[PDB]
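One structure is given here, and the rest of the page talks about it.
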Amino acid sequence: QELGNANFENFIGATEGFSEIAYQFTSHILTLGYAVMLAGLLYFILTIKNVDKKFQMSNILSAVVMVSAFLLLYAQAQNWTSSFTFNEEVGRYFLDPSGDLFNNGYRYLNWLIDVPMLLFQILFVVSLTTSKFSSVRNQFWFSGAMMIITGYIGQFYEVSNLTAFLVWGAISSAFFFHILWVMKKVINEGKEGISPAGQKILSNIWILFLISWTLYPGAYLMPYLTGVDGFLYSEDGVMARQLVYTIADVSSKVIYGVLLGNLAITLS
Amino acid sequence: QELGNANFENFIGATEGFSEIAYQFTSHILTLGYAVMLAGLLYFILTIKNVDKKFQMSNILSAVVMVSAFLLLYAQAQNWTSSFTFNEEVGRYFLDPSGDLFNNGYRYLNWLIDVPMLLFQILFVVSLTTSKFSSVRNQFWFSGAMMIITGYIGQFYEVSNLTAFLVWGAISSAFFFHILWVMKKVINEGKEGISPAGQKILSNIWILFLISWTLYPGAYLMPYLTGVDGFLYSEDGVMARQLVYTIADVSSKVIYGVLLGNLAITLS
Amino acid sequence: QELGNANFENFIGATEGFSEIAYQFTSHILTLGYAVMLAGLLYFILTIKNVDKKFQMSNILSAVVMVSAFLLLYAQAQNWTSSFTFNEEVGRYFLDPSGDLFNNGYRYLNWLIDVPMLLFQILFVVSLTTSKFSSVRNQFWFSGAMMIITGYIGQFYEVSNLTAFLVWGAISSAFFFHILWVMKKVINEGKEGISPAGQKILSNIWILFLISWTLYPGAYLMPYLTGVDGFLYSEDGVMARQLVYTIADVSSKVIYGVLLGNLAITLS
Amino acid sequence: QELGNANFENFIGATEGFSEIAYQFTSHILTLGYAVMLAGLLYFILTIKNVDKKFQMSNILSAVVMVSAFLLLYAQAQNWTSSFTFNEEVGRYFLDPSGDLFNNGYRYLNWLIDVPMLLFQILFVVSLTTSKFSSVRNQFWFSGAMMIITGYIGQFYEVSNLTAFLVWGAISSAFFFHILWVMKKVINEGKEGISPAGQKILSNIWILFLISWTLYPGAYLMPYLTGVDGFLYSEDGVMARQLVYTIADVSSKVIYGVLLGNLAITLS
Amino acid sequence: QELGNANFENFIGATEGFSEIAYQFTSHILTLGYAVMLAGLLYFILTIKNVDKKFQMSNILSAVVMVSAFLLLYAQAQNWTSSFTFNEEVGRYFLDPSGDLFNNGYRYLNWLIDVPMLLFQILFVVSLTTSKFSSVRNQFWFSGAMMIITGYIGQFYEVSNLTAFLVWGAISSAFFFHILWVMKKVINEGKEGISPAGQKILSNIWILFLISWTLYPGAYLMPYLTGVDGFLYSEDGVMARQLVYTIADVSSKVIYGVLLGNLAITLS
Ligand SMILES: *C/C=C(C)/C=C/C=C(C)/C=C/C1=C(C)CCCC1(C)C
Ligand SMILES: *C/C=C(C)/C=C/C=C(C)/C=C/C1=C(C)CCCC1(C)C
Ligand SMILES: *C/C=C(C)/C=C/C=C(C)/C=C/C1=C(C)CCCC1(C)C
Ligand SMILES: *C/C=C(C)/C=C/C=C(C)/C=C/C1=C(C)CCCC1(C)C
Ligand SMILES: *C/C=C(C)/C=C/C=C(C)/C=C/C1=C(C)CCCC1(C)C
Ligand SMILES: CCCCCCCC/C=C/CCCCCCCC(=O)O
Ligand SMILES: CCCCCCCC/C=C/CCCCCCCC(=O)O
Ligand SMILES: CCCCCCCC/C=C\CCCCCCCC(=O)O
Ligand SMILES: CCCCCCCCCCCCCCCCCCCC
Ligand code: NA
Ligand code: NA
Ligand code: NA
Ligand code: NA
Ligand code: NA
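Protein chains in written order, with the entry's author numbering: chain E, 3 to 270; chain A, 3 to 270; chain B, 3 to 270; chain C, 3 to 270; chain D, 3 to 270.
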């Protein structure tokens, strides 16, 4: 079977196949994912009037991310189940080409909505001090798009060209470090001249942000984290990757949105 | 045929097959399930302004659960019909591997939304007395997630490893007893210093909670409740399990939400 | 072929097959059905504030029924088209087992929502006089569920066991007569001490109720109404049954809801 | 092959097949159709408060028609693509019986919603003078249903029995002429004692009504308008018919609704 | 294989086939497209009350375009994946006739909503000076429809008749130049007697308009832009075309709508 520049799930699914647990888990975690997003959409819409008009843009942007994330995860869940089919003679699910190969790249292009809107929404809650809004916004959006695109290219080479995979991901990482550096400047300015309770929320938002956002590059490298022919180069790694995605999606999108609403309430 | 760590429906469906009644009933009860949830969604949204602002979070959380439960039951209903196909020569529905094996695990991971939100929503209606909100919330969420996850593992071994099934379910049970113990402390504190009419509603909520939540472990054990090769190890048990799920979903999600709204009204 | 406890559509569809007209009509009438329900949903939501707050629960319950009925009819419409497939050599649609057998039981379990909510909603518009609300509600809900369940069993025996079909439907009928007796007591109490215009609406609601609700048992018996091997034991009866269902669904759900809103307006 | 009482699209699709242009166009025009309807739904809902409460029923009814028309056109678009399949050896789309025969009758039964609601909605904007509302409403609804039903029968005989097709359509026409006669009486009464600007809108509504509604009988006769074996008895006529439907649907439903809102604004 | 008047994607997909990257990218970019549109729908609805009543029509029309664009892109995304299927022996996706040929014409007919509504919506924000609203509206709508229709014809000949493709596109272009000429007159009148900040936004709207709208004819010519048998006559051009569409859809529909809301805010 010639798979070409495909993701490692397809190679696992075409050789070993997936056990019931691996196949079902992956389907279940993607389903939890999209349910959280649609549930989050309703929450953010229903709580808009819980904050001053000046902060209501943050609820709106949280809802815009929820829609993107719902539609994407819903599609990816159907994509997963269409790509792998059960073989009763062996009792494992194998790659079914009729359903197309499974690709994570669906998420990446959808992050062209999520990442800009997530970085933007804090600038409608915190007040900056030494930094200008257009400048920060422009840095966030430029580096976000660069990070996403360079990463989207690399992920097509995860099995077919390991050098390319690592170089594109290295470049993507440099844009990610820049986003982190700017979000730190934003959180620190935002803490200036606000209540101790709001500085506590901004402190938590910074940890959430740092961990949740670092899960994505960790999903990118998941197959190779246990090395050459390691534990993770297998159905366990396939499960690990979609699990990490779901955790990072809930944390980076919903819980972040909730924490930002709590900060808005404290400042209202 | 090799089914592996699959649910007992697949083994019934692969050997005996399901009669028209068993197959149709199961499809009908899952359909009733998701219709109730979407109907409940609309009810909770349309009644939000029937309570004081301080209690409106409970309506919002009821609606968040409705969305989760709708999406899950809708998917599981399509999953059921895709997995079993009619054989005209024998007149029974048999496992169709093309549709994947049927798994209840879809529900379990979706309870990672439901259980936390259901336990949380009472804390926005009752007032605690000797117990601190963060502490109770944290206990509810930790034990909930532990209960769900340990149970989610066990259910994959219901046929393949009975020992594992029973040990994981035993561990899950210990977390469940802890949730019950805490919800009793919450109901009793909540009854302190409220009207006799509200204490009556909280009394009913406690019984609803106790029975509806105990149905889930009962669905978990359903195939084996009549023993080895008993009445329930059969298409009757398959019907019994999805019936019990639907009853427990309506009771634990919709009727609980309605009762909590009635309590909020009495306290408004 | 062995069909077992299936509905008479399957036996017609497996022997004679359906003409273009019979197959298309049935598909068209189910489609009209679900379109009416979704259109009704929007109407009831958009008119909620046309009545006093005390009567707005009736609009809400009308909307809850619309959702149930939409989802069910939408599913049944897809079920119809999946079960019967066109045979070009004969020019008739024949039962396709791959799509599963067609069953009316989907409606029945969905009436566990509709019947309770329809009977409940009048009690939020009329005022009872000698009758207590909990008592009436409890009678309506108990007899409704009994009527539905006993009827749901019988319909699986319409071809396979005529005795069973008739006995279960006879039992179902006794619960139906009780519902009628109670709704008469409700309408008569409700007429006491209201304007002549509202007593006219309640008079109409009672006729609507009595005819529309009696259509359901008539659909239940449809194949046999023209006797053994009569006109209706055929594709004409299949068409007749789904037609009667659609008429009764529009009358019992939408037009009833509209009439109850008109009564609420007169009492506002 | 035996097609029976089917629409002429099926005979074209089974003999000649459709060119890429004919097949794609028909799919595109049905898609435009349902997009307009869902877009219209949003417009009518968002503009409800642009008119006095007394005229807001007209916006509501416009939205009820939009839902019906959306659901129907969405279904018919999927029906079209399922019925005709591409044959690479010849490069034309041919009738695929697996997808069922294509039938226009879906629209007809859905007009049992549209026609009554469209005729009704003007009576919530104009004021009648010598004519009584119940009487006019009853005439509109009776003749509408008669027109639709007699026409729905005829369309099944467009190829199989030309005499029947023409007789049923002739009867349908007589009910249509009655609707026209009554709508003229309504427009003329409605013009009495209103501003010159509103009489201008009612003048336009009357032309819109007369042309848009006359397109439907023109679609009914489309195959035969160029005679025996004429230009229109072909894939061109198939395209012509769905084009005419889409134009008439936009005109009779959306533009009419918009014009009625403009009249309501002038009278507010 | 006889493809007839089909788009160039089908010829590429039938000869060379698409690599994983080409096939996946195209699927991903169409998915981003429809997610942006549904996310935009929510944004425009949630911000309606951020502007004076007189400008709220512009938000409504932005939302009407979002619905059209969502439904179309959602359909086209499913169309793409249905038309091309994976061949494991070669590792490329090839045209699957069962899914129908892929056609861009779906977009074109949907522009019969978008183009009129986009041109109309500025006339609800700017005030004209020497130009009459009906006159401008009528010019925009006539030329828009002419541009779209002539272009819709041409695109069916992109491979089959290059002369026809170029002549129809030339005619379409003349209507496009007229739209540009009129939108310039509108922007210049609109700038007269408004604040410097609003003239800056109108200056940006004009550039957005000019570039975003010129991308469409560029997508039309994409295969031939690198000449005879050039780089773009290939899977790269297929990717380039859908990429350009998505960029132009986001720019011309969402960002334009957002900029018009900012202008409305400055004038409120
Ligand atoms: C909800 C979506 C979010 C917050 C997405 C975030 C994505 C990243 C932070 C991606 C980062 C990557 C790298 C730093 C290297 C590897 C490639 C990426 C794109 C996965
Ligand atoms: C609406 C969803 C609800 C309330 C879900 C509740 C689930 C439980 C109480 C599950 C309990 C279990 C045990 C106590 C043991 C066996 C395994 C479980 C997870 C089914
Ligand atoms: C919209 C749904 C409604 C009002 C459903 C009503 C259903 C009945 C009144 C059913 C009655 C039946 C009998 C009296 C005998 C035969 C079995 C039943 C369940 C069809
Ligand atoms: C949006 C739906 C509308 C306004 C439907 C209108 C339908 C008609 C005016 C149908 C008329 C017909 C005849 C007068 C003769 C042939 C049969 C009919 C039903 C197509
Ligand atoms: C969101 C949709 C928009 C703004 C659509 C715009 C479409 C055009 C400006 C199309 C122009 C064309 C030409 C000028 C020549 C070739 C054919 C067309 C229709 C693509
Ligand atoms: C599996 C998906 C489950 C989704 C659950 C989402 C839960 C959202 C709640 C976020 C918690 C908000 C921050 C809590 C801080 C507590 C400390 C304090 O406020 O004193
Ligand atoms: C292809 C489908 C496109 C849908 C577009 C629908 C546009 C509907 C708007 C029509 C409003 C026309 C009102 C009549 C204007 C008369 C002139 C005047 O008011 O002076
Ligand atoms: C098949 C699913 C049907 C769903 C129906 C749900 C109905 C829930 C509505 C109300 C439950 C109220 C229970 C408590 C009643 C107490 C009586 C009292 O107030 O005296
Ligand atoms: C509420 C909707 C009501 C729709 C009823 C539609 C009834 C369709 C019945 C079709 C019967 C066709 C066979 C007889 C036709 C006789 C005339 C033509 C003879 C060739
Ligand atoms: Na699968
Ligand atoms: Na099935
Ligand atoms: Na069919
Ligand atoms: Na097709
Ligand atoms: Na594909």
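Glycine included, C-beta positions come from ideal geometry on N, C-alpha and C.
- For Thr248 (chain E), the enclosing alpha helix (DSSP H) has its first and last residue at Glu237 to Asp251.
- Residue state for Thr132 (chain A) is assigned as coil, using DSSP reduced to three classes.
- With a threshold of 6 angstroms, the Cβ atom of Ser29 (chain B) does not count as near ligand 6, since no heavy atom of the ligand is closer than that.
- Taking the CA atoms as reference points, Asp238 (chain A) sits about 12 angstroms from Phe10 (chain A).
- Check the Cα spacing between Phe57 (chain C) and each of C:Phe86, C:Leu234, C:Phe20 and C:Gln123: the tightest is with C:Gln123.
- Between the stretch 25 to 35 of chain B and the stretch 67 to 77 of chain A there are fewer than three inter-stretch CB-CB distances shorter than 8 angstroms, so the stretches are not counted as touching.
- For a Cβ distance threshold of 8 angstroms, residue set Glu22, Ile23 and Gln26 of chain B lies close to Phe158 (chain C), ordered along the chain.
- Residue nearest to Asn89 (chain D) within the set E:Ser64, E:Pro99 and E:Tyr222 is E:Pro99 (criterion: CA-CA distance).
- For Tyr159 (chain B), there is no enclosing alpha helix (DSSP H), as DSSP marks it with neither H nor E.
- Distances taken from the Cβ of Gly153 (chain C) to the heavy atoms of ligand 4 include one shorter than 6 angstroms.
- When the Cα atoms are used, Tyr222 (chain D) and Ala250 (chain D) turn out to be separated by approximately 12 angstroms.
- Counting along the chain, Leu217 (chain D) sits inside no beta strand (DSSP E); it lies in the alpha helix (DSSP H) bounded by residues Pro198 to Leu223.
- In this chain, the alpha helix (DSSP H) harbouring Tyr76 (chain D) covers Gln58 to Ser85.
- Pairing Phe104 (chain D) with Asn81 (chain D) gives a Cβ-Cβ distance under 7 angstroms.
- Neighbours of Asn52 (chain C) across chain B, judged by C-beta separation under 8 angstroms, do not exist; the nearest C-beta is about 14 angstroms away.
- Residue state for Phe104 (chain E) is assigned as coil, using DSSP reduced to three classes.
- Listed along chain A are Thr87 and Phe88, each with a C-beta nearer than 8 angstroms to that of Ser100 (chain B).
- Going down the chain, each residue whose beta-carbon is closer than 6 angstroms to a heavy atom of ligand 4 shows up: C:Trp113, C:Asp116, C:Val117, C:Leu120, C:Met149, C:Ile150, C:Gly153, C:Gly171, C:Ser174, C:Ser175, C:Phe178, C:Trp215, C:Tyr218, C:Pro219, C:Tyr222, C:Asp251, C:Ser254 and C:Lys255.
- Chain-order list of chain B residues neighbouring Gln80 (chain C): empty, with the shortest C-beta distance near 10 angstroms, by a criterion of under 7 angstroms.
- Bounds of the beta strand (DSSP E) holding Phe96 (chain B) are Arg94 to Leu97.
- Proximity of chain E to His30 (chain D) at the Cβ level (cut-off 7 angstroms) is accounted for by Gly107, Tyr108 and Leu111, in chain order.
- Comparing alpha-carbon positions, the option among C:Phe20, C:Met68, C:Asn61 and C:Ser64 lying closest to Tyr36 (chain C) turns out to be C:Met68.
- Cα atoms of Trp113 (chain A) and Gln244 (chain A): separation of roughly 16 angstroms, rounded to the nearest angstrom.
- At a cut-off of 7 angstroms, the C-beta of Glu4 (chain A) has a neighbouring C-beta in chain E.
- The criterion of a C-beta distance shorter than 7 angstroms is not satisfied by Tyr218 (chain B) and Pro225 (chain B).
- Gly171 (chain B) sits close to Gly156 (chain B), with the two beta carbons spaced by under 7 angstroms.
- The alpha-carbon of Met185 (chain A) is positioned some 37 angstroms away from that of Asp231 (chain A).
- Close partners of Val184 (chain A) in chain E (Cβ separation under 9 angstroms) are lacking, with about 23 angstroms as the shortest Cβ gap.
- At a cut-off of 7 angstroms between C-beta atoms, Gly93 (chain B) counts as an interface residue with respect to chain C.
- Excluding the 5 residues flanking it on each side, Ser64 (chain C) has same chain C-beta neighbours closer than 6 angstroms at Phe46 and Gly259, in chain order.
- With respect to chain C, the C-beta atom of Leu40 (chain B) has a partner C-beta closer than 7 angstroms.
- The stretch 46 to 55 of chain D and the stretch 11 to 18 of chain C do not touch, with fewer than three beta-carbon pairs separated by less than 8 angstroms.
- In terms of CA proximity to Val240 (chain C), C:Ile31 leads the group C:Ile31, C:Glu4, C:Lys134 and C:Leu5.
- Non-local C-beta neighbours of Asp102 (chain B) in its own chain, meaning closer than 8 angstroms and more than five positions away in sequence, comprise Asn81, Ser84 and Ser85, ordered along the chain.
- Residue pairing for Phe20 (chain E): DSSP places it in a beta bridge opposite E:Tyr95.
- Think of a sphere of 8 angstroms around the beta carbon of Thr49 (chain B): the chain C residues whose beta carbon falls inside it are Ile62, in chain order.
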